[PDB]
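Chain residues, written in single-letter form:
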Amino acid sequence: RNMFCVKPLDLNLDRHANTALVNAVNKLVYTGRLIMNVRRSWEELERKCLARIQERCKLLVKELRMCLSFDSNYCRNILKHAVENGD
Amino acid sequence: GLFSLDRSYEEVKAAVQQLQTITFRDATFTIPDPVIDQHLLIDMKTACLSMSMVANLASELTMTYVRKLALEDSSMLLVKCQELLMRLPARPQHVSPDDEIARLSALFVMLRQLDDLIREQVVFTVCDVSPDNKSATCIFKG
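All of the points below concern the structure found in this document. (Residues numbered from 1 in each chain as written, not as in the entry; some residues may be left out. Chains lettered and ligands numbered in written order. Part of a larger assembly, values for the part shown. Heavy atoms only, no water.)

Some thoughts on the overall build of chain A
Next up, step 1: Within chain A, the secondary structure is distributed over 2 helices and 0 strands.
Next up, step 2: The C-alpha atoms of chain A give 24 Å as radius of gyration, which overshoots the globular expectation for 87 residues (12 Å, by more than 25%).
Next up, step 3: Along the first, second and third principal axes, the C-alpha set of chain A runs to 80 × 20 × 15 Å.
Next up, step 4: For chain A, the proportion of its 87 residues judged to be buried stands at 9%.
Next up, step 5: Within chain A, contacts between residues separated by at least 24 positions form 37% of all contacts whose residues are at least 6 apart in sequence.
Next up, step 6: As displayed, chain A offers around 8,100 Å² of accessible surface, 59% of which is attributable to carbon and sulfur atoms. (Helix = DSSP H or I, 4+ residues; strand = E, 2+ residues; numbered from the N terminus. Rg over C-alpha atoms; globule rule 2.2 N^0.38 Å. Buried < 20%, exposed > 50% of the residue type's maximum accessible area, 1.4 Å probe, protein only. Contact = heavy atoms within 4.5 Å. Areas by Shrake-Rupley, 256 points an atom, 1.4 Å probe, with all protein chains shown as cover.)

Written out as structure tokens, the structure is:
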């Protein structure tokens, strides 16, 4: 839900049960799954933003095209750039 | 020799008196002149080194066997040997046969070192006795 407040605090693994290897594997899989989840959420929001801004650029260029003025052509030229990267 | 270290003169006197007397096959023999020279000092030094290396090499499995057996077995052997010892389920927290065998081999070398202090060299092996026990026929081992 919120990838900025990292809470890696799941340390509760008591030693009496399970062999040491399984304890280590459980800690490792927990950390790995946290990293994977945060990276996945980041990428999904990034691609949503890119898709939405590309759609808006398309619609706004289509609308500004209808008038051929200096201001309108200047705005279309600004929107003409591809926006499929963060940079 | 080992007991002589840091025990009073009279305490060592009493200990030497009691350790002198040996009973073996229903006859009693006494050691003449147990004297702590340098010749026994070398043996004491190697005994201390051998014991310390045994203690450092022995694994927690080796140490804890006695304690674990005492919790679930009872016998004259066990109660006797634990009376000789200090006083104080769950899984073993480290398990590795390869480490255990390497450690056991080194411990075998050390236990040979310690045994050679009391172990005399065999010179004859007996297979006969005259019924009066005056003579025997033996194989020479030298």
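Comments concerning the overall build of chain B
Next up, step 1: Helices and strands together make up the secondary structure of chain B, namely 5 helices and 4 strands.
Next up, step 2: Beginning at the N terminus, the succession of helices and strands in chain B can be written as α-β-β-α-α-α-α-β-β.
Next up, step 3: Over its C-alpha atoms chain B spans a radius of gyration of 21 Å, topping by over 25% the 14 Å that the globule rule assigns to 142 residues.
Next up, step 4: Overall, chain B is about 60 × 45 × 35 Å in size when its C-alpha atoms are taken along their principal axes.
Next up, step 5: Within chain B, the proportion of its 142 residues that are buried is 8%.
Next up, step 6: In chain B, 14 side chains carry a positive charge and 19 a negative one; their mean positions are 3 Å apart. (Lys, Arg positive; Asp, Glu negative; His and termini not counted. Charge placed at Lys NZ, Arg CZ, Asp CG, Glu CD.)

Quick word on helix α3 (residues 60-72) of chain B
Next up, step 1: For α3 of chain B, with 13 residues, the first-to-last C-alpha span of 18 Å sits near the 18 Å given by 1.5 Å per residue.
Next up, step 2: The largest bend in α3 of chain B comes to about 30°, at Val66 of chain B. (Expected span 1.5 Å × (residues − 1). Bend = angle between axes of the 7 residues up to and from the residue.)

A short note on helix α2 (residues 38-57) of chain B
All names here are of chain B.
Next up, step 1: With 20 residues, α2 extends 28 Å between its outermost C-alpha atoms, agreeing within 8% with the 28 Å of an ideal straight helix rising 1.5 Å per residue.
Next up, step 2: For α2, the complete set of buried residues consists of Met44, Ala47, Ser50, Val54 and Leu57. Buried residues of α2 fall within an arc of 165° about the axis and therefore sit on the same side. In this structure, α2 carries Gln38, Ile42, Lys45, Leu49, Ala55 and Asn56 as exposed residues pointing more than 90 degrees from its buried face.
Next up, step 3: Contact partners of the buried residues in α2: α5 (97-118). (Arc of directions from axis to C-beta.)

Quick notes on the packing of aromatic side chains
Residue and element names in this part refer to chain B.
Next up, step 1: Here the structure, examined in full by the defined rule, presents 2 aromatic pairs over all chains.
Next up, step 2: Considering the side-chain rings of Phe124 and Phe140, the 5.4 Å spacing of their centres and the 65° angle between planes classify their relative orientation as edge-to-face. With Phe124 in strand β3 (residues 124-126) and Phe140 in strand β4 (residues 138-140), this pair connects stretches of sequence that are 16 residues apart.
Next up, step 3: Judged by relative accessible area, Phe124 falls into the partly exposed class, the value being 48%. (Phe/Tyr/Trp six-rings, centres within 6.5 Å; stacked < 30°, edge-to-face > 60°.)

Here's the deal with the pairing of strand β1 (residues 21-24) of chain B
Residues and elements named next belong to chain B.
Next up, step 1: Bridge count for β1 against strand β2 (residues 27-30) is 4 bridges, and the pairing is antiparallel. By the bridge assignment, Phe24 is partnered in β2 with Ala27.
Next up, step 2: Turn length for the β1-β2 hairpin, with the two strands adjacent in sequence and antiparallel, is 2 residues, and the turn residue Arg25 shows positive phi of about 55°. (Pairing = 2+ DSSP bridges.)

Note that all results are geometric; they support no functional claim without further evidence.
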